[PDB]
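Take a look at this single chain, the form deposited in one PDB entry, given in structure tokens.
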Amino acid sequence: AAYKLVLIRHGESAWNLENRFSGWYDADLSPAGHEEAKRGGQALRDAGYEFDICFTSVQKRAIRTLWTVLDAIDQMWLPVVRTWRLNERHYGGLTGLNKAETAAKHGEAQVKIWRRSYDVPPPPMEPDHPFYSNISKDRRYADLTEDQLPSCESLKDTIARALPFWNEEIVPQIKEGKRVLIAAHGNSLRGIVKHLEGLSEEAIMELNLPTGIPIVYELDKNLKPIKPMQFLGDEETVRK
């Protein structure tokens, strides 16, 4: 094909072990998730992949995934571009709650509505929320406009603010011939996969990208996939 694009979703975080909603909270990788990034980078190294530019979020679990990959493939010298538009979905007032706290406060019906819905956001993260200063006042977002800093996101909102970065900054690099690596999160990568394959709301909400595994697209000159996405790795991990 004309072009080849590689995505990687970061693995287990510290808050995953606590089964807390992270969203925009800057949870680090857990030791296991860091090991996953190492395995994915080894897969890219064995396959001989080369890149010219990398994109990631401003969240350290993705940035550390990308760092671990670049180390494994001996491409630490590549230019790296960080953007809040590749961040995980903003889970609003659910941020920091675990499964039990969420069910206790909102009930199983409302939580299932939020889980299955494409465009119903969770509650806003209000100023008295325990992580409100930690996230909404973090200087890394100081240049966002009032309308851009979200208090909460549905998957629709998340995709809506990720796709502008893809169209304006990633697409030109790809069409310039640069080999792109994107290290990011489940829901932002959902936005990209939905755009690439023209998937339905229901189809994207059923797609669970694997973590720590290189996802390869072969793209024609209009950036439309010529075949299904492929996973890199040994036979076992590729199986699962």
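Residue numbers here begin at 1 and follow the sequence given. Rigid core: the largest C-alpha set superposing within 1.5 Å between the two forms.
Asker: Please compare 71-79 with 110-118 and name the stretch with the higher mean C-alpha B-factor in the deposited structure.
Answerer: According to the PDB entry, the answer is 110-118.
Asker: What stretch has the higher average Cα B-factor here, 2-10 or 230-238?
Answerer: It is 230-238.
Asker: Out of 65, 187, 200, 56, whose C-alpha atom has the biggest B factor in the entry?
Answerer: Out of 65, 187, 200, 56, the record gives the largest C-alpha B-factor to 200.
Asker: Rank-wise, by C-alpha B-factor, drop residue 36 into the lowest, middle or highest third of its chain.
Answerer: Top third by C-alpha B-factor.
Asker: Give the position of residue 28 by CA B-factor within its chain, expressed as the lowest, middle or highest third.
Answerer: It falls in the bottom third of the chain.
Asker: What third of its chain, lowest, middle or highest, does the C-alpha temperature factor of residue 45 fall into?
Answerer: As the PDB entry reports it, the C-alpha B-factor of residue 45 lands in the highest third of its chain.
Asker: Where does the C-alpha B-factor of residue 96 rank in its chain, lowest, middle or highest third?
Answerer: Its C-alpha B-factor belongs to the lowest third of this chain's values.
Asker: Splitting the chain's C-alpha B-factors into thirds, which one does residue 193 fall into?
Answerer: For residue 193, the deposited C-alpha B-factor lands in the middle third.
If you look for the form deposited in another entry, you will not find it shown, but the lines that follow are about it.
Asker: Overlay on the rigid core first, then point out the one of 83, 151, 134, 110 whose CA is displaced 2 Å or more between this form and the one not shown.
Answerer: If I go through the list carefully, the shifting residue is 110.
Asker: If we fit on the core, is the Cα of residue 17 displaced 2 Å or more between this form and the one not shown?
Answerer: Yes, shifts by 2 Å or more.
Asker: Comparing against this form, do residue 15 and residue 187 have their CA atoms pulled together or pushed apart in the other form? The difference is 3 Å or more.
Answerer: Relative to the shown form, the pair is farther apart.
Asker: Since the CA distance of residue 15 and residue 163 differs by 3 Å or more in the other form, is it closer or farther than in the form displayed?
Answerer: Farther is correct, given that in the other form the C-alpha spacing of residue 15 to residue 163 is increased by at least 3 Å.
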